[PDB]
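K.L.:
my sequence and its experimental structure, below.
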Amino acid sequence: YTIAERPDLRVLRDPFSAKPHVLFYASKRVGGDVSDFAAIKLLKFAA
Amino acid sequence: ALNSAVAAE
């Protein structure tokens, strides 16, 4: 499994947008699926 | 947090 991501959580406070409200906007970006299908095996409970 | 004083939240 390869987790490819940008290693920072950016917080932007917006007193400019809504006037009595600060409205903290935080975001971080991340993604991933399996890179090597052989490297994971699973257990299955049917039969 | 959201909504100052006035509300319980």
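P.N.:
Thanks, I have the structure now. Residues are numbered from 1 along each chain as shown, chains lettered A, B, ... in the order given.
K.L.:
check the secondary structure at residue A:38 for me.
P.N.:
For residue A:38, the secondary structure call by DSSP: H, G, I helix; E, B strand; the rest coil comes out as helix.
K.L.:
tell me how many other residues crowd it.
P.N.:
Residues lying near residue A:38 (other C-beta atoms under 10 Å in any protein chain shown) number 6. Any C-beta I mention is one placed from the backbone N, CA and C, and that applies to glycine too.
K.L.:
please identify which helix or strand holds the residue nearest the centre of chain A.
P.N.:
Nearest to the geometric centre of chain A sits residue A:30, at 4.2 Å (C-alpha atoms, centre = their mean). Assigned by DSSP states H and E, residue A:30 falls within strand A:25-31.
K.L.:
tell me the secondary structure at the residue lying closest to the residue nearest to the centre of chain A once chain neighbours are set aside.
P.N.:
Spatially, and ignoring its direct neighbours in sequence, residue A:30 is nearest to residue A:5 (4.0 Å; C-beta to C-beta, 6 or more residues apart in numbering or on different chains). Following three-state DSSP, residue A:5 is assigned to strand.
K.L.:
who's in contact with residue 1?
P.N.:
Just so you know, I chose chain A. Contacts here follow C-beta atoms under 8 Å, 6 or more residues apart in numbering or on different chains; on that basis residue A:1 touches A:32-35, A:39-40.
K.L.:
not what I meant, chain B
P.N.:
residue B:9.
K.L.:
wasn't it part of a strand?
P.N.:
No: according to three-state DSSP, residue B:1 belongs to no strand; its state is coil.
K.L.:
for residue A:26, see how far away it is.
P.N.:
14 Å (C-beta to C-beta, to the nearest Å).
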